[PDB]
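Undergrad:
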Amino acid sequence: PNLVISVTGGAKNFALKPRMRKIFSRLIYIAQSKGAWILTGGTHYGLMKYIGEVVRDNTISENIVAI
Amino acid sequence: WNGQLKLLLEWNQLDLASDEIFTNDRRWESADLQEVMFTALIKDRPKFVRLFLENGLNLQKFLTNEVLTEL
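In order, the protein sequences belong to chains C and B. Quick note on numbering: the first sequence equals residues 142 to 202, 207 to 212 in the entry's author numbering. If you want the entry's author numbering, it's the 1-based position in the second sequence plus 425.
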């Protein structure tokens with residue numbers, strides 16, 4: 142039902158600031174709740190790795210799909 | 426960057442280093458923060474340790490056997 146597109150590649154290095162971190166954690170929680178897609182670059186370095194780790198732990202915690 | 430970073434760390438001004446230095450967005454390699462983290466732990470600077478961890482530092486990689494035995 143819902144799609145989200147997060148712009149990737151802007152910064153090679155990403156700062157895990159609480160302001161910039163909790164927002165994306167909540168976004169991923171919302172996407173899991175509504176079964177949304179999230180579209181990212183997929184690079185190992187930057188925000189993509191953080192999003193991937195969040196998704197992995199939430200799955201550990207299936208219903209959420211990231212492409 | 427290293428001179429300003431070491432100076433601010435010595436004087437323990439978190440805000441100045443966090444805003445003016447770490448907001449540069451330039452690449453932050455592991456060895457940099459390895460050295461500055463080693464010098465931060467000794468001088469009892471917890472906030473700078475938190476800042477380094479947030480900005481990205483594999484603590485498991487940093488904590489070598491040599492570092493732990495020396496500490």
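Where a beta carbon is used, it is the ideal one built from N, C-alpha and C, also for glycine.
When the Cα atoms are used, what is the spatial distance from residue 186 (chain C) to residue 437 (chain B)?
TA: To locate residue 186 (chain C), count along the first sequence from 1; it is residue 45. To locate residue 437 (chain B), count along the second sequence from 1; it is residue 12. Cα to Cα, residue 186 (chain C) sits roughly 30 Å from residue 437 (chain B).
Undergrad: If residue 199 (chain C) sits next to residue 209 (chain C), beta carbons under 8 Å apart, how far is it from one beta carbon to the other, in whole angstroms?
TA: Locating residue 199 (chain C) in the first sequence gives position 58, counting from the first residue. Locating residue 209 (chain C) in the first sequence gives position 64, counting from the first residue. Correct: roughly 6 Å between the Cβ atoms.
Undergrad: If you compare alpha carbons, which of B:483, B:441, B:470, B:471 is closest to residue 456 (chain B)?
TA: Numbered from 1 along the second sequence, position 31 holds the residue referred to as residue 456 (chain B). Residue 456 (chain B) has its Cα closest to that of B:483, out of B:483, B:441, B:470, B:471.
Undergrad: On the premise that residue 153 (chain C) lies in contact with residue 452 (chain B), defined as a C-beta separation below 8 Å, what is that separation, rounded to the nearest angstrom?
TA: By 1-based counting over the second sequence, the position of residue 452 (chain B) is 27. By 1-based counting over the first sequence, the position of residue 153 (chain C) is 12. Yes, residue 452 (chain B) and residue 153 (chain C) are in contact; Cβ-Cβ is about 6 Å, under 8 Å.
Undergrad: Against residue 479 (chain B), what residues of chain C qualify as contacts under a CB-to-CB distance less than 9 Å, listed in chain order?
TA: Against the second sequence, residue 479 (chain B) aligns to sequence position 54. Result: 156, 157, 158, 159, 162.
Undergrad: One question on the structure: do residue 159 (chain C) and residue 479 (chain B) come within less than 9 Å of each other, judged by their Cβ atoms?
TA: What you label residue 159 (chain C) is simply residue 18 of the first sequence in a count that begins at 1. What you label residue 479 (chain B) is simply residue 54 of the second sequence in a count that begins at 1. For residue 159 (chain C) and residue 479 (chain B), yes; Cβs fall inside 9 Å.
Undergrad: Is any beta-carbon of chain C found at less than 9 Å from that of residue 414 (chain B)?
TA: There is no way to answer for residue 414 (chain B), as the model of chain B reaches only from 426 to 496.
Undergrad: Along chain B, in chain order, which residues have C-beta atoms closer than 7 Å to that of residue 153 (chain C)?
TA: In the first sequence, residue 153 (chain C) corresponds to position 12, counting from 1. The contacting residues are 452.
Undergrad: So which of B:496, B:458, B:473, B:468 has the shortest CA-CA distance to residue 486 (chain B)?
TA: Reading the second sequence from its first residue, position 61 is the one you call residue 486 (chain B). It is B:458 whose Cα lies nearest to the Cα of residue 486 (chain B).
Undergrad: Please name the residue, chosen from B:465, B:490, B:494, B:493, that lies closest to residue 433 (chain B) on a Cα-to-Cα basis.
TA: Taking the second sequence and counting its residues from 1, one reaches residue 433 (chain B) at position 8. Residue 433 (chain B) has its Cα closest to that of B:465, out of B:465, B:490, B:494, B:493.
Undergrad: For residue 432 (chain B), name the three-state secondary structure that DSSP assigns.
TA: Walking along the second sequence from the start, residue 432 (chain B) turns up at place 7. Residue 432 (chain B) falls in the helix class under three-state DSSP.
Undergrad: Give the secondary structure of residue 152 (chain C) by DSSP, where H, G and I count as helix, E and B as strand, and everything else as coil.
TA: In the first sequence, counting from the first residue as 1, residue 152 (chain C) sits at position 11. Residue 152 (chain C) falls in the coil class under three-state DSSP.
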